[PDB]
Every structure is written in C-alpha cells, then in structure tokens.
Amino acid sequence: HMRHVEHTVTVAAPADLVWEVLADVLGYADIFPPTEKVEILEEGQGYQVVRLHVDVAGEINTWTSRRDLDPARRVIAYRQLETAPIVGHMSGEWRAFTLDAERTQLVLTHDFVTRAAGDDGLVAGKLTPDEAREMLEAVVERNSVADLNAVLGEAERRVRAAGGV
Amino acid sequence: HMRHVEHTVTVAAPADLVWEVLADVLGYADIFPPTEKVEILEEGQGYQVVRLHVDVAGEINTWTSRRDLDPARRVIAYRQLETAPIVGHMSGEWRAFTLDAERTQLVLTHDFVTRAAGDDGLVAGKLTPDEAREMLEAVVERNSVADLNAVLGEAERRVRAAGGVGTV
Ligand SMILES: [K+]
Ligand SMILES: [K+]
C-alpha cells in the first residue's frame with residue numbers, strides 16, 4: 001500500500017523567488033531545522049543527485065535522491081534512490097504556483113511505503129510492521145509542515161531583507 | 001485569535017472541469033456526502049448566497065454563505081453570514097491551479113474563530129472556550145478533507161463519463 005499525502009502553504013513572496021529557494025538544495029541545511037547536512041553527488045542540466053542527513057524521530061538518518069527540476073513549471077520531482085531504513089519507496093514533488101504578482105501557493109507531496117519486514121519479523125531489525133507504518137506517516141506529517149514553513153520563512157526573509165528596505 | 005489552515009489534493013481532471021464542479025452549488029447535496037440540502041437565496045453575475053444543511057459530528061448544522069465566484073481567477077471566496085453556534089467567524093477560498101492539461105491542484109482555505117464567550121463564560125451557553133476551540137479544529141479538519149475528496153471524486157467521475165464509449 002503506497003500512501004499519497006500533500007501539504008500546502010501560501011507564501012508572501014513571488015513564485016520566481018520561492019523557486020530560487022527550492023532550487024538551491026545546498027541552502028536546505030541552513031533553513032530546514034531537521035536537515036543536518038546536504039551533499040550534491042551528481043549534477044547537470046535539470047537535475048541534482050543529492051545525499052541527505054535528516055532526523056527521523058530523534059536521530060540522524062541518511063538517504064539519496066534524484067531531483068528533476070522544471071524551472072518553467074516550477075516543479076521539482078524527487079525520488080529516493082538509496083532509502084531511509086524504514087522506507088521502501090519515497091517520491092513526490094515541490095510545486096510553486098502563481099497566486100498573484102507577490103504570492104505563491106507552495107505544495108509538497110509524498111508517495112511512500114515502509115520497507116517490508118525481514119526474516120526476523122521486523123522492519124530494520126527493530127520495528128513491528130504496524131509501528132514502522134505509523135512512524136513513517138508521523139515523520140512525513142511533521143517534516144512536511146516544517147519544510148513548507150522553512151521555505152516560506154526564507155522567501156519572506158529575502159523579500160523583507162534582501163529587497164528592502 | 002483567528003486561525004488559518006490550508007489543505008490540498010491533485011485532481012486528475014482539467015482545471016475548467018474542476019471549476020464547473022465547484023461553481024454548481026445546486027450539485028453540492030449530491031456531490032458532498034455530509035451536505036443534505038442546498039438552497040439558493042440570492043444569485044447574480046459572479047456571486048451566490050446559499051443556505052446549507054450539513055451534518056457535522058453528531059448532527060445537522062445550518063449555515064449561510066456568500067460565495068464570490070471568479071472563474072478567470074479560478075477562485076471562489078466564501079464568507080458565512082450565519083454560522084453554527086460555536087462558530088464566530090468562517091471564511092476562505094477554493095483555488096484550482098492548472099498543473100498541466102490534465103491535472104489540477106485543488107486548494108481549500110479556512111479562516112475561522114470560535115464564538116466569543118457570553119456572560120456565563122460559555123460558548124453558546126454550552127462549551128468552555130477551550131472545548132469550543134478544540135471541537136472547531138476537529139470539524140474544520142474533518143470536513144475540509146471530505147470536501148476536497150468530494151470535489152476530486154466528482155471531477156474524475158466526469159472525466160470517465162466524457163471519455164466513455166457506450167455499452168450494455
Ligand atoms: K538545519
Ligand atoms: K449528500
């Protein structure tokens with residue numbers, strides 16, 4: 001069972017400026033509170049392969065993903081390659097829509113399922129399948145909100161600060 | 001103070017078809033399961049005032065909203081002119097964005113506060129303000145999700161029927 005979630009927020013910054021914020025993955029470490037570290041492993045026109053260090057209920061976790069960036073639509077399609085230990089699949093999109101000249105509807109979606117139990121009955125040697133399912137939802141819920149708000153806050157900081165006065 | 005929430009769903013239908021489902025409030029009692037009855041009190045170019053019977057939690061709530069419809073903007077601004085007893089204010093927007101030719105991002109916002117405590121310290125002579133708050137978050141959260149999904153199910157249903165080759 002693949003789960004689909006979407007969250008949104010309204011940002012008082014133009015879409016082009018929100019896009020600049022989304023596109024700058026290395027800046028995620030400075031603005032995303034649960035994001036410790038970001039490495040660009042590979043990169044070219046229209047894509048970034050990235051390794052992430054992020055916490056998943058109280059501790060630092062690692063995974064890799066491909067980002068495909070569509071500046072004209074202002075969509076970033078992400079997909080995990082090497083998955084978090086309780087993650088079987090994880091992908092989704094950041095979308096910045098134009099609401100008017102100065103405001104953006106910002107969307108982040110998640111398509112995800114937990115890793116299957118191993119031969120010991122547990123997911124990643126620790127969790128019951130039911131407990132891994134509920135921890136993955138709680139983590140997506142929590143980081144979705146914190147991520148959307150971190151982007152909004154940084155876009156509005158640049159309008160106030162970086163623009164003026 | 002006033003609360004503000006936003007929920008969204010991606011509709012596998014074009015934005016114009018989603019607009020059509022949003023704009024036709026006469027269809028809302030068919031398309032929204034908790035909606036029992038809709039009634040048009042006032043209607044003109046760009047606006048509808050509408051009386052609604054909607055079950056929330058236990059039961060049947062009645063309210064009246066002014067819908068300002070803006071098809072070019074793909075936005076319906078709503079403000080409730082008569083509300084349920086625990087509700088002091090209730091307004092928001094539907095917003096449909098073209099994602100591509102076949103898909104639409106669908107958004108529903110709520111701006112809301114509980115009714116002000118009366119001289120007894122209760123809201124509608126029945127609830128502490130904390131109780132009323134707590135109950136209104138639950139009900140906005142629940143119905144917001146149900147409404148978004150009603151609209152999506154309906155628009156996608158209509159894509160099937162317009163793409164329908166006849167059978168037995
Ligand atoms: K950080
Ligand atoms: K109904």
# chains A, B, ... in the order shown; residues from 1 in each chain; ligands from 1
>>> residues_near_ligand(ligand="ligand 2", cutoff="6 Å", atoms="only C-alpha atoms and all ligand atoms", output="VMD selection string")
chain B and resid 29 to 30 32 to 36
>>> residues_near_ligand(ligand="ligand 1", cutoff="8 Å", atoms="only C-alpha atoms and all ligand atoms", output="JSON, numbers by chain")
{"A": [28, 29, 30, 31, 32, 33, 34, 35, 36, 37]}
>>> write_last_selection(atoms="N, CA and C atoms", output="PDB file, in the first residue's frame")
ATOM      1  N   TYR A  28      19.412  24.064   1.918  1.00  0.00           N
ATOM      2  CA  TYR A  28      18.457  23.311   2.794  1.00  0.00           C
ATOM      3  C   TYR A  28      18.966  23.087   4.237  1.00  0.00           C
ATOM      4  N   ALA A  29      20.273  22.813   4.369  1.00  0.00           N
ATOM      5  CA  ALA A  29      20.992  22.681   5.655  1.00  0.00           C
ATOM      6  C   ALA A  29      20.890  23.905   6.600  1.00  0.00           C
ATOM      7  N   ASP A  30      20.823  25.096   6.000  1.00  0.00           N
ATOM      8  CA  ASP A  30      20.720  26.352   6.717  1.00  0.00           C
ATOM      9  C   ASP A  30      19.267  26.669   7.071  1.00  0.00           C
ATOM     10  N   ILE A  31      18.313  26.338   6.210  1.00  0.00           N
ATOM     11  CA  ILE A  31      16.907  26.638   6.517  1.00  0.00           C
ATOM     12  C   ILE A  31      15.971  25.521   7.057  1.00  0.00           C
ATOM     13  N   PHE A  32      16.205  24.234   6.686  1.00  0.00           N
ATOM     14  CA  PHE A  32      15.403  23.086   7.191  1.00  0.00           C
ATOM     15  C   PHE A  32      15.885  22.621   8.570  1.00  0.00           C
ATOM     16  N   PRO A  33      15.115  22.917   9.670  1.00  0.00           N
ATOM     17  CA  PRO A  33      15.645  22.540  11.017  1.00  0.00           C
ATOM     18  C   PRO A  33      16.066  21.037  11.231  1.00  0.00           C
ATOM     19  N   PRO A  34      15.278  20.059  10.718  1.00  0.00           N
ATOM     20  CA  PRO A  34      15.765  18.660  10.937  1.00  0.00           C
ATOM     21  C   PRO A  34      16.833  18.198   9.947  1.00  0.00           C
ATOM     22  N   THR A  35      17.273  19.087   9.026  1.00  0.00           N
ATOM     23  CA  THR A  35      18.309  18.766   7.979  1.00  0.00           C
ATOM     24  C   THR A  35      19.689  19.192   8.409  1.00  0.00           C
ATOM     25  N   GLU A  36      20.492  18.210   8.824  1.00  0.00           N
ATOM     26  CA  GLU A  36      21.872  18.464   9.305  1.00  0.00           C
ATOM     27  C   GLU A  36      22.816  18.865   8.155  1.00  0.00           C
ATOM     28  N   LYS A  37      22.810  18.064   7.081  1.00  0.00           N
ATOM     29  CA  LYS A  37      23.829  18.108   6.024  1.00  0.00           C
ATOM     30  C   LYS A  37      23.245  17.765   4.627  1.00  0.00           C
TER      31      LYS A  37
END
>>> closest_atom_pairs(of="chain B", to="chain A", cutoff="8 Å", atoms="only C-alpha atoms", output="JSON lines")
{"residue": "B:6", "atom": "CA", "partner": "A:8", "partner_atom": "CA", "distance": 6.3}
{"residue": "B:7", "atom": "CA", "partner": "A:8", "partner_atom": "CA", "distance": 6.3}
{"residue": "B:8", "atom": "CA", "partner": "A:6", "partner_atom": "CA", "distance": 6.3}
{"residue": "B:9", "atom": "CA", "partner": "A:6", "partner_atom": "CA", "distance": 6.5}
{"residue": "B:97", "atom": "CA", "partner": "A:97", "partner_atom": "CA", "distance": 7.3}
>>> write_last_selection(atoms="N, CA and C atoms", output="compact mmCIF listing (two decimals), in the first residue's frame")
# COMPACT_ATOMS: atom_id res chain seq x y z
N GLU B 6 -4.89 25.34 5.51
CA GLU B 6 -4.91 25.14 4.06
C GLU B 6 -4.73 23.70 3.77
N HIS B 7 -5.54 23.16 2.90
CA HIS B 7 -5.43 21.72 2.59
C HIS B 7 -5.45 21.62 1.06
N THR B 8 -4.91 20.54 0.50
CA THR B 8 -4.86 20.42 -0.94
C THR B 8 -4.93 18.96 -1.36
N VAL B 9 -5.30 18.77 -2.63
CA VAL B 9 -5.36 17.47 -3.36
C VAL B 9 -5.09 17.81 -4.85
N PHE B 97 -5.55 25.34 -9.53
CA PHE B 97 -4.46 25.74 -10.37
C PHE B 97 -4.27 24.68 -11.49
>>> select_by_dssp(residues="chain B", states="helix (DSSP H, G or I)", output="number ranges by chain")
B: 15-23, 25-31, 129-163
>>> write_last_selection(atoms="N, CA and C atoms", output="compact mmCIF listing (two decimals), in the first residue's frame")
# COMPACT_ATOMS: atom_id res chain seq x y z
N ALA B 15 -8.59 21.95 -15.32
CA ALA B 15 -8.93 22.95 -14.29
C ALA B 15 -10.29 23.51 -14.56
N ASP B 16 -10.68 23.63 -15.81
CA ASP B 16 -12.00 24.04 -16.24
C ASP B 16 -13.11 23.06 -15.81
N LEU B 17 -12.85 21.75 -15.85
CA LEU B 17 -13.84 20.83 -15.38
C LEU B 17 -14.03 20.91 -13.83
N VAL B 18 -12.91 21.11 -13.14
CA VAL B 18 -12.95 21.30 -11.71
C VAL B 18 -13.70 22.57 -11.36
N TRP B 19 -13.50 23.65 -12.14
CA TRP B 19 -14.22 24.87 -11.96
C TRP B 19 -15.74 24.56 -12.04
N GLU B 20 -16.18 23.89 -13.13
CA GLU B 20 -17.57 23.56 -13.31
C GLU B 20 -18.21 22.84 -12.11
N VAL B 21 -17.50 21.90 -11.47
CA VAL B 21 -17.98 21.20 -10.32
C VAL B 21 -18.06 22.21 -9.08
N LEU B 22 -17.02 23.02 -8.87
CA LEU B 22 -17.05 23.97 -7.82
C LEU B 22 -18.18 24.97 -7.97
N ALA B 23 -18.33 25.60 -9.17
CA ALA B 23 -19.34 26.63 -9.44
C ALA B 23 -20.81 26.18 -9.26
N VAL B 25 -23.19 25.06 -7.16
CA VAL B 25 -23.66 24.72 -5.84
C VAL B 25 -24.99 23.88 -5.80
N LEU B 26 -25.90 24.03 -6.77
CA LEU B 26 -27.07 23.14 -6.85
C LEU B 26 -26.67 21.63 -6.83
N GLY B 27 -25.51 21.26 -7.39
CA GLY B 27 -25.00 19.90 -7.26
C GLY B 27 -24.40 19.52 -5.90
N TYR B 28 -24.19 20.41 -4.95
CA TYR B 28 -23.42 20.10 -3.70
C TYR B 28 -24.05 19.02 -2.77
N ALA B 29 -25.40 18.91 -2.72
CA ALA B 29 -26.05 17.94 -1.87
C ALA B 29 -25.86 16.51 -2.46
N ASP B 30 -25.87 16.39 -3.76
CA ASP B 30 -25.45 15.13 -4.44
C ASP B 30 -23.99 14.73 -4.30
N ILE B 31 -23.09 15.69 -4.41
CA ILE B 31 -21.62 15.52 -4.55
C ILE B 31 -20.90 15.51 -3.16
N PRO B 129 -14.50 28.07 26.35
CA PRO B 129 -13.84 28.34 25.07
C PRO B 129 -12.82 27.26 24.62
N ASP B 130 -12.12 26.58 25.52
CA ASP B 130 -11.13 25.58 25.12
C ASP B 130 -11.75 24.44 24.41
N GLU B 131 -12.85 23.95 24.95
CA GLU B 131 -13.78 22.95 24.34
C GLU B 131 -14.28 23.32 22.95
N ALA B 132 -14.87 24.50 22.82
CA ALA B 132 -15.31 25.02 21.52
C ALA B 132 -14.14 25.08 20.50
N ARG B 133 -12.97 25.57 20.91
CA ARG B 133 -11.79 25.57 20.04
C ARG B 133 -11.36 24.27 19.50
N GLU B 134 -11.35 23.35 20.42
CA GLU B 134 -10.91 22.00 20.21
C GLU B 134 -11.90 21.34 19.29
N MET B 135 -13.20 21.50 19.54
CA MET B 135 -14.22 20.95 18.68
C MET B 135 -14.22 21.54 17.21
N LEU B 136 -14.06 22.87 17.10
CA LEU B 136 -13.92 23.53 15.80
C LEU B 136 -12.69 23.14 15.04
N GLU B 137 -11.51 23.01 15.64
CA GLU B 137 -10.39 22.42 14.84
C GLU B 137 -10.73 21.06 14.24
N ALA B 138 -11.40 20.17 15.03
CA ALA B 138 -11.66 18.80 14.61
C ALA B 138 -12.59 18.78 13.39
N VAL B 139 -13.49 19.73 13.35
CA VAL B 139 -14.63 19.74 12.46
C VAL B 139 -14.14 20.43 11.14
N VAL B 140 -13.34 21.46 11.28
CA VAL B 140 -12.75 22.06 10.11
C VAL B 140 -11.81 21.08 9.38
N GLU B 141 -10.94 20.41 10.16
CA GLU B 141 -10.02 19.42 9.68
C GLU B 141 -10.76 18.26 8.97
N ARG B 142 -11.73 17.64 9.65
CA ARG B 142 -12.54 16.59 9.05
C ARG B 142 -13.25 16.94 7.70
N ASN B 143 -13.88 18.08 7.65
CA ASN B 143 -14.78 18.38 6.59
C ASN B 143 -14.05 18.97 5.41
N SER B 144 -12.98 19.63 5.70
CA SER B 144 -12.09 20.15 4.74
C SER B 144 -11.55 19.00 3.82
N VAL B 145 -11.00 17.95 4.46
CA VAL B 145 -10.58 16.68 3.83
C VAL B 145 -11.74 16.02 3.01
N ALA B 146 -12.96 15.93 3.55
CA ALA B 146 -14.12 15.32 2.95
C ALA B 146 -14.58 16.11 1.73
N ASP B 147 -14.50 17.45 1.82
CA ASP B 147 -14.91 18.35 0.75
C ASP B 147 -13.98 18.28 -0.46
N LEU B 148 -12.69 18.46 -0.20
CA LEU B 148 -11.63 18.27 -1.21
C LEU B 148 -11.80 16.96 -1.96
N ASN B 149 -11.89 15.81 -1.26
CA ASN B 149 -12.12 14.46 -1.84
C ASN B 149 -13.49 14.30 -2.63
N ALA B 150 -14.54 14.95 -2.15
CA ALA B 150 -15.86 15.00 -2.82
C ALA B 150 -15.64 15.62 -4.20
N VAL B 151 -14.91 16.75 -4.24
CA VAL B 151 -14.76 17.51 -5.46
C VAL B 151 -13.90 16.71 -6.48
N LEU B 152 -12.81 16.12 -5.99
CA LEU B 152 -11.90 15.31 -6.77
C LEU B 152 -12.59 14.09 -7.35
N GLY B 153 -13.34 13.31 -6.51
CA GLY B 153 -14.09 12.12 -6.93
C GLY B 153 -15.04 12.52 -8.07
N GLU B 154 -15.72 13.64 -7.90
CA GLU B 154 -16.70 14.12 -8.86
C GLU B 154 -16.12 14.59 -10.19
N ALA B 155 -15.01 15.31 -10.13
CA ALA B 155 -14.39 15.77 -11.36
C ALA B 155 -13.84 14.57 -12.15
N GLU B 156 -13.22 13.65 -11.44
CA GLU B 156 -12.64 12.46 -12.08
C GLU B 156 -13.76 11.48 -12.67
N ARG B 157 -14.84 11.22 -11.92
CA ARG B 157 -16.10 10.66 -12.40
C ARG B 157 -16.55 11.23 -13.76
N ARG B 158 -16.51 12.55 -13.90
CA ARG B 158 -16.88 13.26 -15.11
C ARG B 158 -15.92 13.11 -16.29
N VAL B 159 -14.62 13.09 -16.01
CA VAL B 159 -13.65 12.60 -16.96
C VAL B 159 -13.95 11.18 -17.48
N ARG B 160 -14.19 10.20 -16.58
CA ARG B 160 -14.66 8.91 -17.07
C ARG B 160 -15.86 9.03 -18.00
N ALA B 161 -16.93 9.72 -17.57
CA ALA B 161 -18.19 9.76 -18.39
C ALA B 161 -17.99 10.49 -19.73
N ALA B 162 -17.17 11.55 -19.80
CA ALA B 162 -16.82 12.20 -21.11
C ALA B 162 -15.87 11.39 -21.97
N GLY B 163 -15.12 10.50 -21.36
CA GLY B 163 -14.22 9.58 -22.09
C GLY B 163 -14.85 8.19 -22.42
>>> atom_distance(atom1="atom CA of residue 62 of chain A", atom2="atom CA of residue 48 of chain A")
16.5 Å
>>> closest_residue(among="B:54, B:87, B:60, B:101", to="residue 117 of chain B", atoms="only C-alpha atoms")
B:87
>>> residues_around(residues="residue 122 of chain A", least_positions_apart="5", cutoff="12 Å", atoms="only C-alpha atoms", output="PyMOL selection string")
chain A and resi 85-86+114-117+127-133
>>> atom_distance(atom1="atom CA of residue 63 of chain A", atom2="atom CA of residue 50 of chain A")
8.5 Å
>>> residues_around(residues="residue 49 of chain A", least_positions_apart="4", cutoff="12 Å", atoms="only C-alpha atoms", output="VMD selection string")
chain A and resid 25 to 26 38 to 45 63 to 69 77 to 82
>>> decode(residues="segment 43-65 of chain A", atoms="N, CA, C and O atoms", output="PDB file, in the first residue's frame")
ATOM      1  N   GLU A  43      25.310  16.156 -10.842  1.00  0.00           N
ATOM      2  CA  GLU A  43      24.554  17.332 -11.187  1.00  0.00           C
ATOM      3  C   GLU A  43      24.741  17.689 -12.664  1.00  0.00           C
ATOM      4  O   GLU A  43      25.797  17.523 -13.210  1.00  0.00           O
ATOM      5  N   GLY A  44      23.692  18.220 -13.271  1.00  0.00           N
ATOM      6  CA  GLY A  44      23.732  18.587 -14.658  1.00  0.00           C
ATOM      7  C   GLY A  44      22.513  19.407 -14.970  1.00  0.00           C
ATOM      8  O   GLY A  44      21.764  19.842 -14.096  1.00  0.00           O
ATOM      9  N   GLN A  45      22.275  19.589 -16.250  1.00  0.00           N
ATOM     10  CA  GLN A  45      21.155  20.420 -16.603  1.00  0.00           C
ATOM     11  C   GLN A  45      19.854  19.739 -16.240  1.00  0.00           C
ATOM     12  O   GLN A  45      19.513  18.676 -16.793  1.00  0.00           O
ATOM     13  N   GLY A  46      19.128  20.350 -15.319  1.00  0.00           N
ATOM     14  CA  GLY A  46      17.794  19.942 -14.979  1.00  0.00           C
ATOM     15  C   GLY A  46      17.804  18.881 -13.903  1.00  0.00           C
ATOM     16  O   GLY A  46      16.711  18.281 -13.600  1.00  0.00           O
ATOM     17  N   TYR A  47      18.954  18.567 -13.300  1.00  0.00           N
ATOM     18  CA  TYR A  47      18.882  17.550 -12.214  1.00  0.00           C
ATOM     19  C   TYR A  47      19.941  17.720 -11.154  1.00  0.00           C
ATOM     20  O   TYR A  47      21.019  18.265 -11.429  1.00  0.00           O
ATOM     21  N   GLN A  48      19.653  17.191  -9.966  1.00  0.00           N
ATOM     22  CA  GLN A  48      20.600  17.132  -8.884  1.00  0.00           C
ATOM     23  C   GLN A  48      20.446  15.761  -8.256  1.00  0.00           C
ATOM     24  O   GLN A  48      19.353  15.381  -7.990  1.00  0.00           O
ATOM     25  N   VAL A  49      21.558  15.026  -8.041  1.00  0.00           N
ATOM     26  CA  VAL A  49      21.560  13.807  -7.210  1.00  0.00           C
ATOM     27  C   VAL A  49      22.210  14.276  -5.913  1.00  0.00           C
ATOM     28  O   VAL A  49      23.239  14.972  -5.912  1.00  0.00           O
ATOM     29  N   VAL A  50      21.564  13.910  -4.809  1.00  0.00           N
ATOM     30  CA  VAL A  50      21.777  14.524  -3.516  1.00  0.00           C
ATOM     31  C   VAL A  50      21.762  13.389  -2.422  1.00  0.00           C
ATOM     32  O   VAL A  50      21.028  12.412  -2.560  1.00  0.00           O
ATOM     33  N   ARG A  51      22.659  13.460  -1.445  1.00  0.00           N
ATOM     34  CA  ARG A  51      22.601  12.680  -0.184  1.00  0.00           C
ATOM     35  C   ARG A  51      22.178  13.565   1.008  1.00  0.00           C
ATOM     36  O   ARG A  51      22.713  14.656   1.226  1.00  0.00           O
ATOM     37  N   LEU A  52      21.229  13.074   1.780  1.00  0.00           N
ATOM     38  CA  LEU A  52      20.680  13.857   2.864  1.00  0.00           C
ATOM     39  C   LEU A  52      20.901  13.229   4.215  1.00  0.00           C
ATOM     40  O   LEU A  52      20.717  12.018   4.377  1.00  0.00           O
ATOM     41  N   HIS A  53      21.292  14.083   5.172  1.00  0.00           N
ATOM     42  CA  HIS A  53      21.300  13.762   6.612  1.00  0.00           C
ATOM     43  C   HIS A  53      20.221  14.544   7.374  1.00  0.00           C
ATOM     44  O   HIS A  53      20.264  15.797   7.466  1.00  0.00           O
ATOM     45  N   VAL A  54      19.223  13.777   7.843  1.00  0.00           N
ATOM     46  CA  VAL A  54      17.974  14.271   8.422  1.00  0.00           C
ATOM     47  C   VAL A  54      17.498  13.319   9.553  1.00  0.00           C
ATOM     48  O   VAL A  54      17.725  12.112   9.515  1.00  0.00           O
ATOM     49  N   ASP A  55      16.830  13.875  10.565  1.00  0.00           N
ATOM     50  CA  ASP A  55      16.298  13.044  11.673  1.00  0.00           C
ATOM     51  C   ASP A  55      14.814  12.669  11.604  1.00  0.00           C
ATOM     52  O   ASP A  55      13.908  13.492  11.236  1.00  0.00           O
ATOM     53  N   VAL A  56      14.644  11.405  12.013  1.00  0.00           N
ATOM     54  CA  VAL A  56      13.508  10.548  11.739  1.00  0.00           C
ATOM     55  C   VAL A  56      13.255  10.049  13.138  1.00  0.00           C
ATOM     56  O   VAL A  56      13.844   9.041  13.570  1.00  0.00           O
ATOM     57  N   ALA A  57      12.423  10.803  13.865  1.00  0.00           N
ATOM     58  CA  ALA A  57      12.113  10.541  15.278  1.00  0.00           C
ATOM     59  C   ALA A  57      13.362  10.419  16.241  1.00  0.00           C
ATOM     60  O   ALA A  57      13.641   9.357  16.832  1.00  0.00           O
ATOM     61  N   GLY A  58      14.114  11.525  16.350  1.00  0.00           N
ATOM     62  CA  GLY A  58      15.142  11.715  17.393  1.00  0.00           C
ATOM     63  C   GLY A  58      16.590  11.391  17.053  1.00  0.00           C
ATOM     64  O   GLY A  58      17.485  11.513  17.895  1.00  0.00           O
ATOM     65  N   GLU A  59      16.829  10.997  15.803  1.00  0.00           N
ATOM     66  CA  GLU A  59      18.164  10.506  15.402  1.00  0.00           C
ATOM     67  C   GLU A  59      18.395  10.727  13.913  1.00  0.00           C
ATOM     68  O   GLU A  59      17.414  10.752  13.135  1.00  0.00           O
ATOM     69  N   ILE A  60      19.683  10.890  13.551  1.00  0.00           N
ATOM     70  CA  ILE A  60      20.156  11.230  12.176  1.00  0.00           C
ATOM     71  C   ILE A  60      20.207  10.016  11.168  1.00  0.00           C
ATOM     72  O   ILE A  60      20.678   8.934  11.445  1.00  0.00           O
ATOM     73  N   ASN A  61      19.612  10.236  10.008  1.00  0.00           N
ATOM     74  CA  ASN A  61      19.270   9.195   9.067  1.00  0.00           C
ATOM     75  C   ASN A  61      19.789   9.660   7.695  1.00  0.00           C
ATOM     76  O   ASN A  61      19.924  10.860   7.411  1.00  0.00           O
ATOM     77  N   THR A  62      20.116   8.709   6.837  1.00  0.00           N
ATOM     78  CA  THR A  62      20.700   9.075   5.564  1.00  0.00           C
ATOM     79  C   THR A  62      19.962   8.386   4.423  1.00  0.00           C
ATOM     80  O   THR A  62      19.367   7.339   4.613  1.00  0.00           O
ATOM     81  N   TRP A  63      19.967   9.044   3.275  1.00  0.00           N
ATOM     82  CA  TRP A  63      19.366   8.544   2.061  1.00  0.00           C
ATOM     83  C   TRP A  63      19.804   9.423   0.881  1.00  0.00           C
ATOM     84  O   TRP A  63      20.309  10.540   1.044  1.00  0.00           O
ATOM     85  N   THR A  64      19.615   8.904  -0.320  1.00  0.00           N
ATOM     86  CA  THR A  64      19.998   9.619  -1.518  1.00  0.00           C
ATOM     87  C   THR A  64      18.735   9.803  -2.421  1.00  0.00           C
ATOM     88  O   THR A  64      17.832   8.920  -2.432  1.00  0.00           O
ATOM     89  N   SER A  65      18.726  10.902  -3.225  1.00  0.00           N
ATOM     90  CA  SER A  65      17.698  11.038  -4.207  1.00  0.00           C
ATOM     91  C   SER A  65      18.045  11.853  -5.450  1.00  0.00           C
ATOM     92  O   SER A  65      18.889  12.733  -5.449  1.00  0.00           O
TER      93      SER A  65
END
